[PDB]
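Only one chain is included here, represented as structure tokens and corresponding to the form deposited in one PDB entry.
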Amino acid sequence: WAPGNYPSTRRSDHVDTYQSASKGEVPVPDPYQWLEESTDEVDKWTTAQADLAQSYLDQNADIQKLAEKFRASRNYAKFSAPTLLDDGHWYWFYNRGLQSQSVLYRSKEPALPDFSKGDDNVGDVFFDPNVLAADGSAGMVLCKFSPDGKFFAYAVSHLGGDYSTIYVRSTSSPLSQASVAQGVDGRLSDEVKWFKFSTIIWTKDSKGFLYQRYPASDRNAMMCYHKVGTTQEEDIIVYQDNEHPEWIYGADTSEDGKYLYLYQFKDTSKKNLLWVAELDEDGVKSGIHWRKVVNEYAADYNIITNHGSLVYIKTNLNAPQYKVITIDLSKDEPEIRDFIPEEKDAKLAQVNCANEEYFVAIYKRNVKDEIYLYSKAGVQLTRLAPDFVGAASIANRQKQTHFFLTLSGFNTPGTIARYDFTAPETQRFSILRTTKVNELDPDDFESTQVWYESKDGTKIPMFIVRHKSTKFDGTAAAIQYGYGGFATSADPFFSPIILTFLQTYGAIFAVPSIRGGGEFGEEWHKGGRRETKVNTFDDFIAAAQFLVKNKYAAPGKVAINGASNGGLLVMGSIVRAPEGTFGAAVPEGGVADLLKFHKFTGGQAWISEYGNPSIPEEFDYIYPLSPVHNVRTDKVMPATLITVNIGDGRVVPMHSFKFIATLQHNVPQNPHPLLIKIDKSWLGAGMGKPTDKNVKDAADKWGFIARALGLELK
């Protein structure tokens, strides 16, 4: 490779004209509009670009060595928290190490396993996703046992399609290589197609389940009910709104069997309607009477549980950091009260009801999760896992006398803690399982939180992870991760590949809690959203400058990475930041054409985050931010490796194709390589790639960064 040898890329004379509130009518040239399409020309272009990318990566001998390291780092047993079904047996996911999909196990005995004995020694295979297709192409995207434990509904995604299909099987009929070989697949006849952007919500009678489907872009979503032991033609439409075709739907059923809840969403903002229907014992039928409790888009509402007509709801109504309210439905005009009040400086992230009347709450304080147990009277009884530092979730069923916590972070691979209400008061909390890694020692790695100041004076926290031998003396390379949007928190997470990269090169890993995320609630999201979106980039750029300025990383040795909205983040950041701010950039499946994002698949919902390009006022703040339309001819770009999957239906690969073509046109003689790596396996909706393929891709990405920053293997 040398500068100025990029593929021949035709520049059309397509021009789109937009309305600007300040500038009037603005003609915007789109010479790579043709890269929106699926044609022979585009096939030649993607082939040429991918061959050029692979050719450059072939020059790097260290990539093969990293693949060896990363495979070994991933090669360890992994497992979920177990779930007790009403048959008395415990079910959990188990991965041997490098399986592309984890396998659902079932306990041999109707008792909580001693998991130190080993998963195969304490359980048998119930459901193996890997055998859904002989070639491993079929992926289980989600699943749900019935309340009574008799059936197992599971959504399957195929390669090629943009929809999942729900199948149902008896829990006494396992899916494995043995069962497939010995007999017939073993599932029921039920085949519920066109399932998307949803979960499976069983009614508490275990007779059927609620699911969202689309008609045979995606519009006119329907909330439907499927009865077990029937075909999809017999499925009841529970709710649809042809007047608002862009709206989507969710659902929930109360544990007592009394209520059916309907959620309605108009866009990707955290605002939903909430209607409540009373079920009589024969269950969901057509003609459900909806009580319109929340009937305007104003706040977030998610049901926790109910006791009689008193409904407990996690909400951010007049409470940016979230809280728990009660709405008493016995009243004609329902009275709204705070059960657990808003904490000013901690986001209420999750609340589950446990042992019928208690509440387990997860608070996120300075982007670090804290777990508490509350009584029925709203009294904070105790803090659980007080010395834990990372991200946490709850796993339980309301009626049972236990719950679990799944705990992880930058150097906590996976701890599963159990709380048992039946034990003596001092002995209730315990550790069920701790995840054991391979080669790495998590104790060799330190994570700290440091604060830096953005351009506007706002103070922003940032996680810094390093191998403990690495010094903050202005010599280390840095890898800066970000997402920056949609109230998605950039939480701590265990990555054996990242830690392996840090130990190998003595680099550091950085995660600034930039505005746009939901680390500090609604106001933090509002601070990097729509007209304020530029703050997200300023926060992210300031983070990188702070790392160099304060001697965490060496000058020009900050690489940046991000996926999807994180791709937009990195692509916009290289365009906007000063020359030499970054030493490498890796956008993965990113948004980039912010003038046309809303024209493709489910992009129209993201107007909540980016604004509407068709509105003149909003065009005026989108246009200057759009990465595709702000590339210059006078700024040296860092070494860039763009990655996309050609079958990506979430973010059309269009976005990345236009950006790389625009980069290559504007700075053809850039001293650093501007490449795009294009995977041509049409990966289905809600899938990982194969494990070996992930390892290879990781080795490419991290090797490219290593070489771009001039890092050698010791």
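Position 1 is the first residue in the sequence shown; the rest follow in order.
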From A216 to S217, how many deposited residues does the entry skip: none, 1 to 3, 4 to 9, or 10 or more?
-> 4 to 9
Entry-level comparison of average CA B-factors, 684-692 and 41-49, reporting the higher stretch = 684-692
On average, are the C-alpha B-factors higher in 275-283 or in 288-296?
-> 275-283
Criterion, highest CA B-factor; candidates, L547, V192, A395, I303 | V192
Chain-relative C-alpha B factor for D539 (record values, thirds): the lowest
Sorting the chain's modelled residues by C-alpha B-factor and splitting them into thirds places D697 in the middle
Sorting the chain's CA B-factors, does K150 end up in the lowest, middle or highest third?
-> middle
Could you say whether, by C-alpha temperature factor, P673 belongs to the lowest, middle or highest third of its chain?
-> lowest
Compared with the other modelled residues in the chain, in which third is the CA B-factor of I336?
-> highest
